[PDB]
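Structure below is start_34.txt: compact mmCIF, C-alpha atoms.
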```txt
# COMPACT_ATOMS: atom_id res chain seq x y z
CA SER A 42 3.27 134.78 97.09
CA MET A 43 0.45 133.77 99.50
CA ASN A 44 -2.96 135.44 99.71
CA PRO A 45 -3.70 137.76 102.65
CA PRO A 46 -6.98 137.69 104.57
CA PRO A 47 -9.59 139.48 102.45
CA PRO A 48 -10.84 142.95 103.35
CA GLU A 49 -13.53 142.85 106.03
CA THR A 50 -17.15 143.05 105.02
CA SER A 51 -18.55 142.95 108.59
CA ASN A 52 -17.57 144.90 111.69
CA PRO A 53 -20.41 145.04 114.22
CA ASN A 54 -18.93 147.96 116.17
CA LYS A 55 -18.52 150.12 113.06
CA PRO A 56 -21.60 152.38 112.91
CA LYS A 57 -23.73 152.07 109.77
CA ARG A 58 -26.34 153.82 107.66
CA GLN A 59 -28.71 153.07 104.83
CA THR A 60 -28.95 156.33 102.89
CA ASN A 61 -30.37 157.10 99.44
CA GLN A 62 -26.80 157.69 98.17
CA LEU A 63 -25.66 154.28 99.45
CA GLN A 64 -28.78 152.70 97.92
CA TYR A 65 -27.81 154.32 94.58
CA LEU A 66 -24.25 152.98 94.95
CA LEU A 67 -25.70 149.45 95.14
CA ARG A 68 -28.70 149.66 92.78
CA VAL A 69 -27.05 151.73 90.07
CA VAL A 70 -23.24 151.86 90.45
CA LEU A 71 -22.34 148.36 91.60
CA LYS A 72 -25.07 146.67 89.58
CA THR A 73 -23.93 148.48 86.38
CA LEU A 74 -20.30 147.51 86.75
CA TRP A 75 -21.07 143.97 87.99
CA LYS A 76 -22.98 142.99 84.88
CA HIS A 77 -20.39 144.36 82.42
CA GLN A 78 -18.52 141.96 80.13
CA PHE A 79 -15.24 143.18 81.68
CA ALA A 80 -16.32 142.70 85.33
CA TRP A 81 -15.00 139.19 85.94
CA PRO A 82 -11.38 140.00 87.00
CA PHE A 83 -12.81 142.45 89.61
CA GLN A 84 -15.67 140.37 91.07
CA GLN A 85 -13.58 138.85 93.91
CA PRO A 86 -10.29 139.45 95.76
CA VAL A 87 -7.24 138.89 93.62
CA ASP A 88 -6.14 135.26 94.07
CA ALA A 89 -2.42 135.70 93.67
CA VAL A 90 -1.81 131.96 93.98
CA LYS A 91 -4.22 130.85 91.22
CA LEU A 92 -3.19 133.78 89.01
CA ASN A 93 0.53 133.27 89.67
CA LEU A 94 1.15 136.85 90.77
CA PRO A 95 3.56 136.23 93.65
CA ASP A 96 4.42 139.93 93.94
CA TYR A 97 0.84 141.24 93.84
CA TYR A 98 0.44 141.73 97.59
CA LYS A 99 3.99 142.99 97.94
CA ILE A 100 2.91 145.94 95.73
CA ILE A 101 -0.81 146.27 96.56
CA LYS A 102 -1.27 147.08 100.27
CA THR A 103 -4.88 148.21 100.12
CA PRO A 104 -6.61 145.46 98.08
CA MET A 105 -10.17 146.06 96.97
CA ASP A 106 -12.59 144.36 94.60
CA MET A 107 -16.28 144.43 93.68
CA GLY A 108 -17.07 141.20 95.53
CA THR A 109 -16.01 142.97 98.70
CA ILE A 110 -17.85 146.15 97.77
CA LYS A 111 -21.02 144.15 96.91
CA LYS A 112 -20.91 142.43 100.32
CA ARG A 113 -20.22 145.74 102.11
CA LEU A 114 -23.24 147.32 100.41
CA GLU A 115 -25.54 144.32 101.00
CA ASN A 116 -24.51 144.15 104.62
CA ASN A 117 -24.79 147.94 105.18
CA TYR A 118 -21.11 148.17 106.19
CA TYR A 119 -20.74 151.84 105.27
CA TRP A 120 -21.57 155.08 107.02
CA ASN A 121 -21.41 157.21 103.90
CA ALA A 122 -21.20 157.20 100.14
CA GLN A 123 -17.64 158.57 100.16
CA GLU A 124 -16.37 155.37 101.84
CA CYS A 125 -17.85 153.26 99.08
CA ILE A 126 -16.67 155.60 96.28
CA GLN A 127 -13.18 155.35 97.82
CA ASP A 128 -13.35 151.55 97.63
CA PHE A 129 -14.12 151.70 93.86
CA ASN A 130 -11.27 154.17 93.35
CA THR A 131 -8.90 151.98 95.33
CA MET A 132 -9.83 149.03 93.11
CA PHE A 133 -9.12 150.92 89.88
CA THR A 134 -5.92 152.49 91.26
CA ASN A 135 -4.60 149.08 92.33
CA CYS A 136 -5.11 147.79 88.80
CA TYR A 137 -3.21 150.73 87.28
CA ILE A 138 -0.40 150.49 89.92
CA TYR A 139 0.19 146.78 89.52
CA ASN A 140 -0.18 146.25 85.78
CA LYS A 141 1.82 147.34 82.77
CA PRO A 142 0.41 150.31 81.01
CA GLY A 143 -1.57 149.28 77.96
CA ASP A 144 -2.35 145.73 79.14
CA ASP A 145 -5.82 144.44 78.45
CA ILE A 146 -6.66 144.29 82.22
CA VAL A 147 -6.00 148.07 82.35
CA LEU A 148 -8.43 148.58 79.44
CA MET A 149 -11.00 146.54 81.36
CA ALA A 150 -10.61 148.68 84.48
CA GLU A 151 -10.81 151.84 82.33
CA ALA A 152 -14.12 150.70 80.81
CA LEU A 153 -15.60 150.03 84.28
CA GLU A 154 -14.20 153.30 85.62
CA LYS A 155 -15.77 155.30 82.77
CA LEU A 156 -19.17 153.91 83.76
CA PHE A 157 -18.45 154.53 87.44
CA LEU A 158 -17.66 158.18 86.72
CA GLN A 159 -20.85 158.61 84.64
CA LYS A 160 -22.94 157.14 87.47
CA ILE A 161 -21.28 159.07 90.28
CA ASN A 162 -21.87 162.28 88.32
CA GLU A 163 -25.55 161.75 89.11
CA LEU A 164 -25.25 160.67 92.69
CA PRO A 165 -28.54 161.88 94.20
CA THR A 166 -28.70 164.64 96.81
CA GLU A 167 -29.16 163.17 100.32
```
Exercise: express the given structure as structure tokens:
Amino acid sequence: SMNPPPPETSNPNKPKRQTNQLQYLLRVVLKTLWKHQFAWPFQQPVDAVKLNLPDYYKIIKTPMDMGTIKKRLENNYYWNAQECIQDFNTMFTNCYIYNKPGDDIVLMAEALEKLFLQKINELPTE
């Protein structure tokens, strides 16, 4: 029922890059999803205490959210675009794993994911 430590957003010994694909992931992908009317439940780690989801972290072992992704991108945490794309996919997957099919939160994730897929389709060549 308690919250775990959040995912890391800094690791000084993890090697980093700033590539045009990672720049696109911040400037286009994250910014598009962040501003959406359905972004709010995904803008920070799930607070299982405030939201009264005492089983959330029993089920979700790889938490991810856009607050974390935003910080990772701003702090150049990633080596490659695939790591960041995986974080978005983990976020959506967690939502679909935890929640009841057809719930409104699942519709919210689906709307963000549709946009994510449209943007990733045009990921620039390195």
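The shortest atom-to-atom distance to residue 101 of chain A, with only C-alpha atoms taken into account, belongs to A:44 out of A:60, A:162, A:78, A:44.
Here atom CA of residue 85 of chain A stands at a distance of 18.7 Å from atom CA of residue 119 of chain A.
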Practice task
Can you work out which one of A:80, A:110, A:100, A:67 has the shortest atom-to-atom distance to residue 146 of chain A, counting all atoms listed in the file?
Solution key: A:80
Exercise for the section: Considering all atoms listed in the file, return as a PyMOL selection string whatever protein or nucleic-acid residues lie within 10 Å of residue 59 of chain A, sequence-local ones (same chain, fewer than 2 positions apart) excluded. Expected result: chain A and resi 57+61-64+114+116-122
Can you pull out the residues contacting residue 79 of chain A? Cut-off 8 Å, using only C-alpha atoms, and skip same-chain residues under 4 positions away; I want them as a PDB file with C-alpha atoms, in the frame of the given file.
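See result_27.pdb below for the written result:
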```pdb
ATOM      1  CA  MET A 149     -11.000 146.540  81.360  1.00  0.00           C
ATOM      2  CA  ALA A 150     -10.610 148.680  84.480  1.00  0.00           C
ATOM      3  CA  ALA A 152     -14.120 150.700  80.810  1.00  0.00           C
ATOM      4  CA  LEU A 153     -15.600 150.030  84.280  1.00  0.00           C
TER       5      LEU A 153
END
```
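For the atom pair formed by atom CA of residue 65 of chain A and atom CA of residue 125 of chain A, the distance is 11.0 Å, given to one decimal.
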Practice task
Tell me which protein, DNA and RNA residues are within 12 Å of residue 90 of chain A, counting only C-alpha atoms, leaving out same-chain ones fewer than 6 positions away, and put them as a count of residues only.
Solution key: 7
Exercise for the section: Using only C-alpha atoms, give me every residue within 8 Å of (-4.6, 150.5, 94.1) in file coordinates, as number ranges by chain. Expected result: A: 101-105, 130-139
Write the residues of the preceding selection, restricted to C-alpha atoms, as a PDB file, keeping the file's coordinate frame.
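Result written to again23.pdb:
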```pdb
ATOM      1  CA  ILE A 101      -0.810 146.270  96.560  1.00  0.00           C
ATOM      2  CA  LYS A 102      -1.270 147.080 100.270  1.00  0.00           C
ATOM      3  CA  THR A 103      -4.880 148.210 100.120  1.00  0.00           C
ATOM      4  CA  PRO A 104      -6.610 145.460  98.080  1.00  0.00           C
ATOM      5  CA  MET A 105     -10.170 146.060  96.970  1.00  0.00           C
ATOM      6  CA  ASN A 130     -11.270 154.170  93.350  1.00  0.00           C
ATOM      7  CA  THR A 131      -8.900 151.980  95.330  1.00  0.00           C
ATOM      8  CA  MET A 132      -9.830 149.030  93.110  1.00  0.00           C
ATOM      9  CA  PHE A 133      -9.120 150.920  89.880  1.00  0.00           C
ATOM     10  CA  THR A 134      -5.920 152.490  91.260  1.00  0.00           C
ATOM     11  CA  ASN A 135      -4.600 149.080  92.330  1.00  0.00           C
ATOM     12  CA  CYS A 136      -5.110 147.790  88.800  1.00  0.00           C
ATOM     13  CA  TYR A 137      -3.210 150.730  87.280  1.00  0.00           C
ATOM     14  CA  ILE A 138      -0.400 150.490  89.920  1.00  0.00           C
ATOM     15  CA  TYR A 139       0.190 146.780  89.520  1.00  0.00           C
TER      16      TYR A 139
END
```
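Straight-line separation from atom CA of residue 157 of chain A to atom CA of residue 46 of chain A: 26.6 Å.
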